[PDB]
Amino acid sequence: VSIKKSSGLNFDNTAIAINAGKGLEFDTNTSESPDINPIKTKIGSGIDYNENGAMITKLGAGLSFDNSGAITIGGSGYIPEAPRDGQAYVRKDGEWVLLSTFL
């Protein structure tokens, strides 16, 4: 049987196998293992699978996802830079308000 070994297949003894490299492995923890093992990705710190088997970033304290599914520091109480106009600012009701309005 003709296989293309430059395209990820090889012979394991007499038999065609996937030749899995970095980031991939065979799932030996299914119902049908070890006889039948699907190929799956191989993931470590920072990455998880969701309920549908998609890879997502695994976020802990201080990180969240925005509206676009992008990772953001949020989200956290951390305070963004005040406007760079030439005037002094103070913090009022979660916003930057000029010092003038109180002088």
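Note that residue numbering begins at 1 and tracks the sequence as displayed.
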So which stretch wins on mean C-alpha B-factor, 70 to 78 or 49 to 57? 70 to 78
Averaging CA B factors per stretch from the PDB record, which one is higher: 59 to 67 or 36 to 44? 59 to 67
Cα B factor band for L24 (lowest, middle or highest third within the chain): lowest
Among all modelled residues of this chain, ranked by Cα B factor, put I18 in the bottom, middle or top third, i.e. lowest, middle or highest. lowest
